[PDB]
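Next up: a single chain in structure tokens, the form deposited in one PDB entry.
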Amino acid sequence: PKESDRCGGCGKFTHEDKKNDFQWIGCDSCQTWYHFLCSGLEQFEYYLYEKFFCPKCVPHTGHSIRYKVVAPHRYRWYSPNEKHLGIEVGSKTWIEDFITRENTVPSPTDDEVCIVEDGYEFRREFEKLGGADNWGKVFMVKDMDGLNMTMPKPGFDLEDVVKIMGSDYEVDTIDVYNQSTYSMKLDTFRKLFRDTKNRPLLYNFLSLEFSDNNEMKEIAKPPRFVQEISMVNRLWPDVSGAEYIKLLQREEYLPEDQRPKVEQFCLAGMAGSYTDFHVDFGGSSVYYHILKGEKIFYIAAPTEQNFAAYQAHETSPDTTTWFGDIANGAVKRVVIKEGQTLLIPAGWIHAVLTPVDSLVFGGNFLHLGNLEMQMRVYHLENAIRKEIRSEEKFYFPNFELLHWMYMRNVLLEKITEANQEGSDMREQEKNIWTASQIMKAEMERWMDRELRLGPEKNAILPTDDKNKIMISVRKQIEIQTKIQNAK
């Protein structure tokens, strides 16, 4: 091929292959082409420079010249043809103003959020309301004592993180004023973060999942209660020696690379960060602890009125209206300060402002208590995905697969036992019974869809295996309903 189309480099035509993609960038000086990953740039930089300005040119050309902030109220702030368009949520201009008027949104009712003093108090109130089977309101815990939730010692901060994880460790970072996501080196984030005076752009990452880092995963953990109801945890138990061998002996082993990795996240944001309204993926519940700084959550109850508002807001092309202004006073304000812990069940629609440089440890989880709401949110996601194109990474990893395995490995067992024994399940296993009915109904839909128009890409679960699971499920459910026409 032509030599002007050779990196770079790398001195190759094709880059072996985070991912370079088949992506390139040309020097506006030496005019040669580089693979993106041979350019020296990090993904968050790909759109920043009008001029670039490779390594072989900088000591004599100067550092790359970045676009002029021509329109700070647009996501494309660098674009002149957008100077005249409206103010977008939450661009630099929008946030700037919002920081001053934001305090007018109402506090929540006691029916929506329950603020307790510590983990012990939480437990009481929690049980009062039916525990996790009947978990519908968010809780804010002013002190973590009594939650049995491992957290590092304060004074612990961003530095220890980039040291434990490594400085080259890349993480999906939100370019705030641009309301987009790009990979950034932990070390590169630390630099920008530590420069408190010069922040031409703001960054906030929420997606540093460390469950797989032998050090980190030991330093910050979910509350005991979260672990006890986590469906992911139940399917991929942290087990060893004979327990693990047994797990293998029963065909109950699942690969670690199939595990939804979402229960252990570190988050860090620059002052001024705003994350726009969303529901957490898969309708997952959240634990969220402030190690440093402060967050302001703007929240709305998982009602059908609110969902319908949210779905329309999410599918409309409008970009200039805060969802709070169309929500008919559904949005409430809750401030979370250093050392305080938020616990959000399935459904809650929320946005968050970061008043102050921050560091947080949190995680997402699925539990049977919120099965129905979890499926409701899944329907909400899928309906939005029909109108708007998004990346699967912003959705719950292996949602369906998880449910396929939970039925096969957990539920399918219990039902069969009762069917062999007595045994009407509504006696000490009612919760289990209803969970099954719900799970199967949704699963029959997936099976239906899969059958009406084909399976996804290659893997993971073959159609015939889903059916064989289903065949088994229908039988035992069919069989159990009978038992429920005597007892």
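Take the two forms, superpose them, and find the largest set of C-alpha atoms that agree within 1.5 Å; that set is the rigid core. The first residue of the shown sequence is 1; numbering continues from there.
- Going from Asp464 to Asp465, you skip over nothing: the modelled chain follows the deposited sequence without a break.
- Averaged over their C-alpha atoms, the temperature factors of 345-353 and 187-195 are higher for 187-195.
- Averaged over Cα atoms, the B-factor as recorded in the entry is higher for 250-258 than for the other of 271-279 and 250-258.
- Set against one another, the Cα B-factors of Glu413, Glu102, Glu400, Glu304 in the record reach their highest point at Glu413.
- Highest CA B-factor among the listed residues (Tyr406, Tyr120, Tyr310, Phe139): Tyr120.
- Per the PDB record, residue ranking by Cα B-factor puts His379 in the lowest third of the chain.
- Residue-level temperature factors show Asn431 in the highest third of its chain, judged at the C-alpha atom.
- Per the deposited record, the Cα B-factor of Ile299 falls in the lowest third when ranked against the other modelled residues of its chain.
- Per the PDB record, residue ranking by Cα B-factor puts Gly241 in the lowest third of the chain.
- Ranked within its chain, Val335 lands in the middle third, by CA B factor from the PDB record.
Only in words, not in the display: the form deposited in another entry, which the text now covers.
- Note: rigid core superposed between the shown form and the other one; among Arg101, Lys83, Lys393, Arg194, the CA shift is 2 Å or more only at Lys393.
- Relative to the superposed rigid core, the position of the CA of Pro455 differs between the shown form and the other one by less than 2 Å.
- Core-superposed comparison between the shown form and the other one: the CA of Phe36 exceeds or equals a 2 Å shift.
- Superposition of the core reveals a Cα shift of 2 Å or more for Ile25 between the shown form and the other one.
- Between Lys393 and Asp464, the Cα spacing is larger in that other deposited form than in the shown form, differing by no less than 3 Å.
- Relative to what is shown, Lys393 and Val279 are closer in that other deposited form; their C-alpha atoms differ in spacing by at least 3 Å.
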